[PDB]
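The block underneath contains the structure these notes are about, expressed in structure tokens.
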Amino acid sequence: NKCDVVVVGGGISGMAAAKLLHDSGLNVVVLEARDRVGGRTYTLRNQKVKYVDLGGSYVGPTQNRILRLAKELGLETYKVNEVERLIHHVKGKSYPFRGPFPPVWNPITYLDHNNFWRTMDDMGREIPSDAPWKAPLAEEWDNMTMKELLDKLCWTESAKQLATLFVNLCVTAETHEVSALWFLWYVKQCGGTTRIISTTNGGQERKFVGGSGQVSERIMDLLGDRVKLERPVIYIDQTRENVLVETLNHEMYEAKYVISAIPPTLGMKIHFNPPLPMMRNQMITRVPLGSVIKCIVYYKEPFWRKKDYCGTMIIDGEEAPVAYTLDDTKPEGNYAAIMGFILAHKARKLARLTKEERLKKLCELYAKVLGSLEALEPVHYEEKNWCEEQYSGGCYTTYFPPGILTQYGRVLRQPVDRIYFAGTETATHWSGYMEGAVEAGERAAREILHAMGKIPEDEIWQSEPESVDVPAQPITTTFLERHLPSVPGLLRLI
Amino acid sequence: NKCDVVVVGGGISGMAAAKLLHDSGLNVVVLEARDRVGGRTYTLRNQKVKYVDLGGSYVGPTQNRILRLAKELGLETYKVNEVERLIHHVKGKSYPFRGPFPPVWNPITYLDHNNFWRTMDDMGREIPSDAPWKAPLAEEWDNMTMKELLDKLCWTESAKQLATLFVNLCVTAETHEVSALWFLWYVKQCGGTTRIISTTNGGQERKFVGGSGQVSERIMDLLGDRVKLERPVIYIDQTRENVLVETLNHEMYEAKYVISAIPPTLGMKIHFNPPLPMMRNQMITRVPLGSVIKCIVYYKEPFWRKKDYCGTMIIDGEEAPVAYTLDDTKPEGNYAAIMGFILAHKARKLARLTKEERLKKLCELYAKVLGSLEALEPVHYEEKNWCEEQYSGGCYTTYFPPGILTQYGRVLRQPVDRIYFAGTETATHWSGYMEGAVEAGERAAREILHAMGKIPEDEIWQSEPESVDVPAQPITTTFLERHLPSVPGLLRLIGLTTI
Ligand SMILES: *[C]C1=C([C])[C]=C2C(=[C]1)N([C][C]([O])[C]([O])[C]([O])[C]OP([O])(=O)OP([O])(=O)O[C][C]1O[C](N3[C]=NC4=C3N=[C]N=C4[N])[C]([O])[C]1[O])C1=NC(=O)[N]C(=O)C1=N2/[C]=[C]/[C][N][C]1[C][C]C2=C1[C]=[C][C]=[C]2
Ligand SMILES: *[C]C1=C([C])[C]=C2C(=[C]1)N([C][C]([O])[C]([O])[C]([O])[C]OP([O])(=O)OP([O])(=O)O[C][C]1O[C](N3[C]=NC4=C3N=[C]N=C4[N])[C]([O])[C]1[O])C1=NC(=O)[N]C(=O)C1=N2/[C]=[C]/[C][N][C]1[C][C]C2=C1[C]=[C][C]=[C]2
């Protein structure tokens, strides 16, 4: 019945907020729609796989908040395999390489590729992390899709294809679906192109031993009976002295404040009294989540390593069901596996098939790319289509279509009376990730602490000390990378 | 408790569906979230205005379903005033004209303008009304915003400006927000550019005497206690023999079938068991409604008529709060009024101001455009911002951003077990309008009748006889309009003679 704060949503953001408030001495309740915690993270356990992450999984350098929270909960990380060569598969052919970027040999194509990545970071430097709508050219860039930007920037089809794959993989949406301003903000707030795409020294460096689902599970252990499972919130009433929160199974909760720790659009599932202010009312109908199926194919042995392949594949073309893979073998070297993402329109297209039909397509692709008949003999298969989830709406995160970020963006984390907004979408650093979920939950919890007169205003936003276990190398450029001309630049010099 | 069909939503679509089913002999219940029926139609009544439509209002030739329904209910129409001259206000200057289109004098600009409108209709002919995703170039056009299409087509700023205003007015959204394929479908399914923009012989020809809100009100009168007000639906359960429908105030309703007669995205407010199929689950997060404030300024007399202006203004420019007006005077000639729309980004921008501040801005604009000091002395003002409505989401209707219609469009009116889908967004003719609401509601009702084995399959979609009261002139083009070249076409003809 009665408490200090109701937290709506038991994913990482909601759990991190609840933990902070509980540690501060307040009475908290977490209302969770599902029969489990974790939300967009989900660790499946069975004898065949031991454990596998079917949602959010990877962590890396500069993600100091998730690393600190996980460590405090007794969790450890291990390194994703990147010892051997990566593969770039293009026009039906495999090209092995080392380092973060697939090499380019044609001098014109080289100039075009270099300029694209450089320009993305160049543009990003003009976009404030905490206010992308304040970029000098905000409106111009927001009224443009990424597809339009790519058409303007890329003078070769080779650069445009890779850039397109990059967009699809980053935000699980088509280039024509997303705002240019929003996408450039998204990459920038993760630390730039190199940081976001890299395994070693980047976002895909590490996973948690035992799965990321343990973060939410272990906080639930700490909170005990304060977490209420199968309690979808349907109604929030702010007309009286105390806030009233009603669930689908007819329970009523009373609190001084509420944290909404759900994806922005999922706010539509709640009936508000009084009605939301105009801007938020419309915003929450304008912000969809992407489309993805996460697939893991298991093998007797990590056979690709014997051919000096690490298991990373970058696979171009419409025919390929999966555009990107990583080695998903356990740190001990057993439960050999390849993880792949089926992205955007392909997720929608291939969802019509059966599980067995999808397994076959993936194995035939991997056999081709790795040049190995062993890829055709899987021992097990696990997959998850996030598009079908009523209480997620998709994965990995919310994207903004053209025009939306400049018009509605400032309302994302603006409080509505006694409701405060968490969730990874409201973060300013690694928004879209588990790291962003921790930032947003803890920040929202502190906003309430300030509202109660318990902490000063300057303590709402808190910096995080660097992890000693996962240190960050700085991102470097070469002299030639900085000063080599673009294709139109070279033509101008001619 | 128990009935044959639960209808969710008491707007025109839901009421038309309920009436059809009730007339067929079935037990129906309508569950309506608000304390009133009508939805996106709302007629306000007070002594100062007598009556005024604050939502949906205009009807015209080819909208035969709404006209027939209204006539059966005892309603009558009258003609919107278009006796005197229209005004095109551009670059701070007013240019009076006659006919549907503002004239263009510059020969290059003339070619550009002619080609734009022609091309819109040309492209539309390739788009099936009942399946726009089947257009031969569906993907190409869907992966493009209207802004991109305009940039490619319009060789003069003059044509691009007017085309932009046209998009804003049609669908209450910016050119960069909407898919080109969707917008071209939208215009085509209303009968084309001329039909959609015209007063005389078009969509804005007429209004209902006493207001359009009477359509829903009078059906409620016929249904009696079957309409339940202040019953927002929160939960639909389809796991058992009968469908269970739960409301916010904890009432339970049991039925054989459900019609969902709400805007597609408002389906998000309902929790489903079992969960919706994947495609619909994602679709309903991808389909927002537009942004608009409808404003009516009242005067002692229709003074614009004395200057030979009918009251129609097409107003270009960023500074102008209102881009389009019509005479809203009563047919008797009293309660003189100008109706104007504040569109898209301007609706969001000017909502921050007070009512008094907005009134002032409109009057100063009208004084400028009409060249009349009298515009500065209003006697009354009414307005409605539709962006603030929890149970509408916006107005006039749902738009589709780039990429959505080809990927999710086929799921719009696909039944989910025993739930069938009405609402103007699922119509194939005048979708977005009151006409489309009638078509969709009656079609959804007949889908259920077929499911019950009461009618054959070929009776689900029913054609409508033309109104005798509101006849439709055909849309004509001149010889020159059809065969005059575009700007790039003329340049090509110059490149060949000089070779
Ligand atoms: C899905 C996914 C996948 C598949 C993958 C991934 C992901 C995902 N990610 C993301 C994450 O996960 C996120 O961010 C998080 O998790 C979020 O959190 P939050 O904020 O908390 O949210 P959520 O979870 O959702 O929660 C919520 C909750 O709530 C609830 N509800 C609802 N509604 C309601 C409720 N309750 C009550 N009532 C009501 N009404 C629900 O149920 C829930 O629970 C990620 N992340 C990270 O970090 N990592 C990773 O890994 C991930 N993943 C991904 C990634 C990818 N990557 C890739 C590779 C290569 C590359 C890339 C990118 C870029 C570049 C390169
Ligand atoms: C808003 C508006 C305005 C301002 C204006 C206009 C309009 C609108 N429009 C449109 C109409 O109105 C529509 O379409 C209709 O109405 C629709 O119907 P429906 O489908 O039925 O839907 P609604 O109404 O929305 O209903 C629904 C219902 O449901 C309910 N709910 C929700 N949720 C829920 C519920 N219940 C239970 N539960 C739950 N959960 C609600 O409440 C409701 O009731 C129009 N239309 C026509 O026809 N006409 C007109 O006039 C109109 N308007 C407009 C127009 C404009 N125009 C312009 C001028 C010039 C030009 C233009 C365009 C183009 C060209 C030129």
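Within each chain, counting starts at residue 1; across the structure tokens, chains are named A, B, ... in the order shown, with ligands numbered 1 upward in that order.
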| task | Hey, list the chain A side of the contact with chain B: 8 Å cut-off, only C-alpha atoms, answer as a ChimeraX atom specification. | result | /A:143-144,176-177,234,265-266,268-271,275-279,281-282,285-288,345,348,387-390,393-394,401-403,407
With N, CA and C atoms kept, could you save the residues just selected as an mmCIF file, in the first residue's frame?
data_model
loop_
_atom_site.group_PDB
_atom_site.id
_atom_site.type_symbol
_atom_site.label_atom_id
_atom_site.label_comp_id
_atom_site.auth_asym_id
_atom_site.auth_seq_id
_atom_site.Cartn_x
_atom_site.Cartn_y
_atom_site.Cartn_z
ATOM 1 N N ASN A 143 16.095 17.339 -39.828
ATOM 2 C CA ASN A 143 15.103 17.270 -40.911
ATOM 3 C C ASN A 143 15.542 16.359 -42.056
ATOM 4 N N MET A 144 16.599 15.607 -41.787
ATOM 5 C CA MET A 144 17.297 14.773 -42.744
ATOM 6 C C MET A 144 17.343 13.367 -42.148
ATOM 7 N N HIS A 176 16.886 5.148 -43.632
ATOM 8 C CA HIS A 176 15.787 6.038 -44.017
ATOM 9 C C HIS A 176 14.753 6.244 -42.904
ATOM 10 N N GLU A 177 14.870 5.476 -41.824
ATOM 11 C CA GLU A 177 13.922 5.549 -40.708
ATOM 12 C C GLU A 177 14.316 6.555 -39.627
ATOM 13 N N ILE A 234 -1.266 0.486 -14.789
ATOM 14 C CA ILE A 234 -2.304 0.899 -15.737
ATOM 15 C C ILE A 234 -2.788 2.341 -15.532
ATOM 16 N N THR A 265 7.876 5.256 -25.074
ATOM 17 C CA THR A 265 6.612 4.916 -25.724
ATOM 18 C C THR A 265 5.699 4.005 -24.885
ATOM 19 N N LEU A 266 6.290 3.183 -24.022
ATOM 20 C CA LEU A 266 5.504 2.302 -23.157
ATOM 21 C C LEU A 266 4.713 3.061 -22.083
ATOM 22 N N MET A 268 2.528 5.006 -22.925
ATOM 23 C CA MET A 268 1.192 4.964 -23.525
ATOM 24 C C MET A 268 0.263 3.951 -22.851
ATOM 25 N N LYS A 269 0.844 2.911 -22.258
ATOM 26 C CA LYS A 269 0.068 1.866 -21.587
ATOM 27 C C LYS A 269 -0.546 2.327 -20.257
ATOM 28 N N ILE A 270 -0.170 3.524 -19.812
ATOM 29 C CA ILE A 270 -0.652 4.086 -18.555
ATOM 30 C C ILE A 270 -1.661 5.213 -18.821
ATOM 31 N N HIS A 271 -2.781 5.174 -18.101
ATOM 32 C CA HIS A 271 -3.785 6.230 -18.166
ATOM 33 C C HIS A 271 -3.477 7.236 -17.059
ATOM 34 N N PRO A 275 -4.414 14.481 -17.264
ATOM 35 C CA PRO A 275 -3.718 14.104 -18.507
ATOM 36 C C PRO A 275 -2.307 14.675 -18.548
ATOM 37 N N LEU A 276 -1.405 13.997 -19.255
ATOM 38 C CA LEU A 276 -0.051 14.496 -19.467
ATOM 39 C C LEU A 276 -0.091 15.869 -20.142
ATOM 40 N N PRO A 277 0.919 16.714 -19.905
ATOM 41 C CA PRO A 277 1.046 17.960 -20.671
ATOM 42 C C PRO A 277 1.175 17.628 -22.153
ATOM 43 N N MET A 278 0.739 18.559 -22.996
ATOM 44 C CA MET A 278 0.649 18.364 -24.440
ATOM 45 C C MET A 278 1.892 17.749 -25.084
ATOM 46 N N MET A 279 3.067 18.288 -24.767
ATOM 47 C CA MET A 279 4.300 17.871 -25.431
ATOM 48 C C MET A 279 4.661 16.410 -25.150
ATOM 49 N N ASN A 281 2.470 14.073 -24.055
ATOM 50 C CA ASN A 281 1.350 13.325 -24.645
ATOM 51 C C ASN A 281 1.605 12.908 -26.095
ATOM 52 N N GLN A 282 2.137 13.832 -26.891
ATOM 53 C CA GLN A 282 2.456 13.544 -28.288
ATOM 54 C C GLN A 282 3.811 12.848 -28.457
ATOM 55 N N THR A 285 4.112 8.952 -28.580
ATOM 56 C CA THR A 285 3.593 8.277 -29.772
ATOM 57 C C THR A 285 4.568 8.399 -30.944
ATOM 58 N N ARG A 286 5.696 9.072 -30.723
ATOM 59 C CA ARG A 286 6.621 9.406 -31.804
ATOM 60 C C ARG A 286 7.992 8.722 -31.697
ATOM 61 N N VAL A 287 8.144 7.818 -30.732
ATOM 62 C CA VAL A 287 9.464 7.273 -30.396
ATOM 63 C C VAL A 287 9.503 5.733 -30.334
ATOM 64 N N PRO A 288 9.575 5.080 -31.492
ATOM 65 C CA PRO A 288 9.571 3.610 -31.546
ATOM 66 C C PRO A 288 10.921 2.991 -31.159
ATOM 67 N N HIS A 345 14.824 -4.547 -41.064
ATOM 68 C CA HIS A 345 13.837 -5.156 -41.970
ATOM 69 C C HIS A 345 13.981 -6.676 -42.121
ATOM 70 N N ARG A 348 12.020 -8.511 -39.406
ATOM 71 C CA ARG A 348 10.604 -8.591 -39.766
ATOM 72 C C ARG A 348 10.349 -9.650 -40.843
ATOM 73 N N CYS A 387 10.944 -8.032 -31.028
ATOM 74 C CA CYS A 387 9.811 -7.317 -31.621
ATOM 75 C C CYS A 387 8.461 -7.783 -31.070
ATOM 76 N N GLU A 388 8.418 -8.997 -30.530
ATOM 77 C CA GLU A 388 7.161 -9.579 -30.054
ATOM 78 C C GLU A 388 6.827 -9.250 -28.589
ATOM 79 N N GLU A 389 7.741 -8.559 -27.905
ATOM 80 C CA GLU A 389 7.600 -8.277 -26.474
ATOM 81 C C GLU A 389 6.705 -7.068 -26.184
ATOM 82 N N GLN A 390 5.543 -7.330 -25.587
ATOM 83 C CA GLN A 390 4.578 -6.284 -25.226
ATOM 84 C C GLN A 390 5.171 -5.219 -24.286
ATOM 85 N N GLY A 393 8.770 -3.568 -26.602
ATOM 86 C CA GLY A 393 8.472 -2.887 -27.853
ATOM 87 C C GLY A 393 9.525 -3.065 -28.939
ATOM 88 N N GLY A 394 10.644 -3.693 -28.585
ATOM 89 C CA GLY A 394 11.753 -3.912 -29.495
ATOM 90 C C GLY A 394 13.092 -3.871 -28.773
ATOM 91 N N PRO A 401 12.751 9.284 -35.338
ATOM 92 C CA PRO A 401 12.549 9.601 -36.758
ATOM 93 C C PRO A 401 12.797 11.094 -37.025
ATOM 94 N N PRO A 402 12.952 11.490 -38.291
ATOM 95 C CA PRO A 402 13.246 12.891 -38.627
ATOM 96 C C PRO A 402 12.223 13.882 -38.065
ATOM 97 N N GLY A 403 12.733 14.958 -37.471
ATOM 98 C CA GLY A 403 11.912 16.037 -36.950
ATOM 99 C C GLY A 403 11.561 15.959 -35.472
ATOM 100 N N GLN A 407 11.956 18.872 -31.785
ATOM 101 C CA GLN A 407 10.628 19.327 -31.373
ATOM 102 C C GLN A 407 10.212 18.809 -29.994
#
| message | With only C-alpha atoms as the counted atoms, please give the residues lying no more than 12 Å from residue 242 (chain B), apart from itself and same-chain residues fewer than 6 positions off, as an MDAnalysis selection string. | response | chainID B and resid 1:6 236 252:258 417:419
| said: Between CA of residue 76 (chain B) and CA of residue 210 (chain B), what distance in Å does the model show, to one decimal? | reply: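 Between CA of residue 76 (chain B) and CA of residue 210 (chain B) the gap is 8.6 Å.
Closest approach to ligand 1 among A:88, A:195, A:294, A:228 is made by A:294 (distances from only C-alpha atoms and all ligand atoms).
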| Near residue 165 (chain A), counting only C-alpha atoms, which residues have an atom at most 12 Å away, once you skip same-chain residues fewer than 3 positions from it, shown as a PyMOL selection string? | chain A and resi 88+90+146-147+150+158-162+168-175+197+314-318+320+322-324+341-344
| query | Looking only at the backbone, which of the residues in region 107-182 of chain A does DSSP tag as helix (DSSP H, G or I), as a PyMOL selection string? | reply | chain A and resi 107-124+132-134+138-142+146-153+157-171+180-182
| task | Give the strand (DSSP E or B) residues of region 267-393 of chain B, as DSSP finds them on the backbone, and put them as number ranges by chain. | result | B: 271-273, 289, 292-298, 309-315, 324-327, 337-343, 380-385
Output file for the residues above (N, CA and C atoms, as a compact mmCIF listing (two decimals), in the first residue's frame):
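Result file result34.txt:
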# COMPACT_ATOMS: atom_id res chain seq x y z
N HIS B 271 -3.97 -3.39 -22.52
CA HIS B 271 -3.12 -4.54 -22.25
C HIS B 271 -3.80 -5.77 -22.82
N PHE B 272 -3.08 -6.53 -23.63
CA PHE B 272 -3.66 -7.66 -24.36
C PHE B 272 -3.20 -9.00 -23.81
N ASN B 273 -4.14 -9.95 -23.77
CA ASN B 273 -3.88 -11.34 -23.41
C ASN B 273 -4.68 -12.25 -24.36
N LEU B 289 -0.24 10.86 -34.57
CA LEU B 289 -1.21 11.78 -35.17
C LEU B 289 -0.60 13.18 -35.27
N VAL B 292 -2.39 20.25 -34.42
CA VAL B 292 -3.22 21.35 -34.91
C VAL B 292 -4.01 22.04 -33.79
N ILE B 293 -4.15 23.36 -33.93
CA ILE B 293 -5.11 24.13 -33.14
C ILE B 293 -6.14 24.73 -34.09
N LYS B 294 -7.41 24.48 -33.82
CA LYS B 294 -8.49 25.06 -34.60
C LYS B 294 -9.00 26.29 -33.87
N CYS B 295 -8.98 27.44 -34.54
CA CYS B 295 -9.31 28.72 -33.92
C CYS B 295 -10.43 29.44 -34.67
N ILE B 296 -11.40 29.97 -33.93
CA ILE B 296 -12.50 30.73 -34.54
C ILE B 296 -12.63 32.11 -33.91
N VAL B 297 -12.42 33.14 -34.72
CA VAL B 297 -12.54 34.53 -34.28
C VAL B 297 -13.88 35.10 -34.77
N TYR B 298 -14.66 35.65 -33.84
CA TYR B 298 -16.00 36.15 -34.14
C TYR B 298 -16.02 37.65 -34.28
N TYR B 309 -14.24 39.87 -50.58
CA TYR B 309 -13.47 38.71 -50.14
C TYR B 309 -14.41 37.69 -49.50
N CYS B 310 -14.30 36.43 -49.90
CA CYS B 310 -15.17 35.38 -49.33
C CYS B 310 -14.75 34.98 -47.92
N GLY B 311 -13.49 35.20 -47.58
CA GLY B 311 -12.97 34.86 -46.26
C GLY B 311 -11.94 33.76 -46.31
N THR B 312 -11.72 33.18 -47.49
CA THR B 312 -10.66 32.20 -47.70
C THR B 312 -9.33 32.92 -47.86
N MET B 313 -8.36 32.53 -47.04
CA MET B 313 -7.01 33.07 -47.13
C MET B 313 -6.00 31.92 -47.14
N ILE B 314 -5.07 31.97 -48.09
CA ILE B 314 -3.92 31.08 -48.11
C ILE B 314 -2.71 31.95 -47.79
N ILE B 315 -2.13 31.72 -46.61
CA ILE B 315 -1.13 32.62 -46.05
C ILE B 315 0.23 31.94 -45.90
N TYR B 324 -4.14 28.97 -43.23
CA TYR B 324 -5.37 28.79 -44.00
C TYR B 324 -6.62 29.14 -43.20
N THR B 325 -7.52 29.91 -43.82
CA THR B 325 -8.79 30.28 -43.20
C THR B 325 -9.98 30.03 -44.11
N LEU B 326 -11.16 29.95 -43.50
CA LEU B 326 -12.43 29.92 -44.22
C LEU B 326 -13.47 30.76 -43.46
N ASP B 327 -14.42 31.31 -44.20
CA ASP B 327 -15.60 31.96 -43.61
C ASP B 327 -16.37 30.93 -42.77
N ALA B 337 -17.82 35.00 -38.48
CA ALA B 337 -16.63 34.36 -37.94
C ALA B 337 -15.63 33.95 -39.01
N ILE B 338 -14.36 33.94 -38.62
CA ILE B 338 -13.30 33.37 -39.44
C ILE B 338 -12.72 32.17 -38.69
N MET B 339 -12.65 31.03 -39.39
CA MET B 339 -11.99 29.82 -38.90
C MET B 339 -10.57 29.74 -39.47
N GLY B 340 -9.59 29.47 -38.61
CA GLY B 340 -8.22 29.25 -39.04
C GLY B 340 -7.54 28.07 -38.37
N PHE B 341 -6.60 27.44 -39.06
CA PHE B 341 -5.81 26.33 -38.52
C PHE B 341 -4.38 26.77 -38.20
N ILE B 342 -3.92 26.46 -36.99
CA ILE B 342 -2.51 26.61 -36.65
C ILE B 342 -1.88 25.23 -36.76
N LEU B 343 -0.92 25.09 -37.68
CA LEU B 343 -0.50 23.78 -38.17
C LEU B 343 0.89 23.32 -37.72
N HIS B 380 -15.76 37.79 -29.91
CA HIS B 380 -15.63 36.49 -29.24
C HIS B 380 -14.52 35.65 -29.88
N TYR B 381 -14.07 34.63 -29.14
CA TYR B 381 -13.02 33.73 -29.62
C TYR B 381 -13.21 32.35 -29.02
N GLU B 382 -13.11 31.32 -29.86
CA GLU B 382 -13.07 29.94 -29.39
C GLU B 382 -11.92 29.20 -30.08
N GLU B 383 -11.31 28.26 -29.36
CA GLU B 383 -10.20 27.47 -29.89
C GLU B 383 -10.12 26.09 -29.26
N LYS B 384 -9.44 25.17 -29.94
CA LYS B 384 -9.17 23.85 -29.38
C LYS B 384 -7.84 23.30 -29.89
N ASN B 385 -6.94 23.01 -28.95
CA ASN B 385 -5.67 22.36 -29.25
C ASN B 385 -5.86 20.86 -29.10
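Each of B:423, B:471, B:99, B:107 was checked against ligand 2 using only C-alpha atoms and all ligand atoms; the smallest atom-to-atom distance is that of B:423.
Coordinates place CA of residue 219 (chain A) at a distance of 10.6 Å from CA of residue 22 (chain A).
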| Which one is closest to ligand 2: B:225, B:439, B:122, B:316? Count only C-alpha atoms and all ligand atoms. |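 Nearest to ligand 2: B:439.
If only C-alpha atoms are the atoms counted, then among B:331, B:436, B:453, B:474 the closest residue to residue 209 (chain B) is B:331.
Proximity to residue 63 (chain A) at 9 Å, evaluated using only C-alpha atoms and with sequence-adjacent residues fewer than 6 positions away removed, yields residues 203, 429, 430, 434, 435, 436, 466, 467 and 470 of chain A.
The space separating atom 66 (C, counted along the ligand's line) of ligand 2 from CA of residue 260 (chain B) comes to 28.2 Å.
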| field | Pick from A:395, A:119, A:131, A:477 nearest to residue 411 (chain A), counting only C-alpha atoms | value |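 Distance minimum relative to residue 411 (chain A) lands on A:131.
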| Residue among B:227, B:411, B:75, B:490 lying closest to residue 469 (chain B), counting only C-alpha atoms |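 Nearest candidate to residue 469 (chain B) out of B:227, B:411, B:75, B:490: B:75.
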| Residue neighbourhood residue 302 (chain A), 10 Å, only C-alpha atoms, exclusion window fewer than 4 positions, as a PyMOL selection string | chain A and resi 298+306+309-311+327-329+333-338+374-375
Residues as selected, N, CA and C atoms, written as a CSV table (one decimal), in the first residue's frame, can you do that?
chain,number,residue,atom,x,y,z
A,298,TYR,N,25.3,-23.1,-31.5
A,298,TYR,CA,26.3,-23.8,-30.7
A,298,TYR,C,26.9,-24.9,-31.5
A,306,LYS,N,41.0,-22.6,-35.2
A,306,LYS,CA,42.0,-23.4,-35.9
A,306,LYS,C,42.4,-22.9,-37.3
A,309,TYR,N,40.7,-17.6,-37.3
A,309,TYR,CA,39.6,-16.6,-37.2
A,309,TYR,C,39.1,-16.5,-35.8
A,310,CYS,N,38.8,-15.3,-35.3
A,310,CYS,CA,38.3,-15.1,-34.0
A,310,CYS,C,36.8,-15.4,-33.8
A,311,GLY,N,36.1,-15.3,-34.9
A,311,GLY,CA,34.7,-15.5,-34.9
A,311,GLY,C,33.8,-14.3,-35.2
A,327,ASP,N,32.2,-14.3,-31.5
A,327,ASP,CA,32.5,-15.6,-30.8
A,327,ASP,C,31.7,-15.5,-29.4
A,328,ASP,N,30.9,-16.4,-29.1
A,328,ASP,CA,30.1,-16.5,-27.8
A,328,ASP,C,30.5,-17.7,-27.0
A,329,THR,N,31.7,-18.3,-27.2
A,329,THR,CA,32.3,-19.4,-26.4
A,329,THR,C,32.5,-18.9,-25.0
A,333,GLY,N,36.5,-22.1,-22.6
A,333,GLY,CA,36.7,-22.7,-23.9
A,333,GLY,C,35.7,-23.7,-24.4
A,334,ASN,N,34.7,-24.0,-23.5
A,334,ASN,CA,33.6,-24.9,-23.9
A,334,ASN,C,32.3,-24.2,-24.2
A,335,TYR,N,31.3,-24.9,-24.5
A,335,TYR,CA,30.0,-24.4,-25.1
A,335,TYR,C,30.3,-23.5,-26.3
A,336,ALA,N,31.1,-23.9,-27.2
A,336,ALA,CA,31.5,-23.2,-28.4
A,336,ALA,C,30.2,-22.6,-29.1
A,337,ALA,N,30.3,-21.4,-29.5
A,337,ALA,CA,29.1,-20.7,-30.0
A,337,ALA,C,29.4,-19.5,-30.9
A,338,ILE,N,28.5,-19.2,-31.8
A,338,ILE,CA,28.6,-18.0,-32.6
A,338,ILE,C,27.3,-17.2,-32.3
A,374,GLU,N,32.2,-27.6,-41.1
A,374,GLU,CA,31.8,-27.8,-39.7
A,374,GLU,C,30.7,-26.9,-39.2
A,375,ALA,N,30.5,-25.7,-39.8
A,375,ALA,CA,29.5,-24.8,-39.5
A,375,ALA,C,28.1,-25.4,-39.8
| query | Can you list, as a PyMOL selection string, every protein, DNA or RNA residue that comes within 10 Å of region 65-68 of chain A when you count only C-alpha atoms, leaving out same-chain residues fewer than 3 positions away? | reply | chain A and resi 12+16+59-62+71-77+208+215+433-439+442+463-470
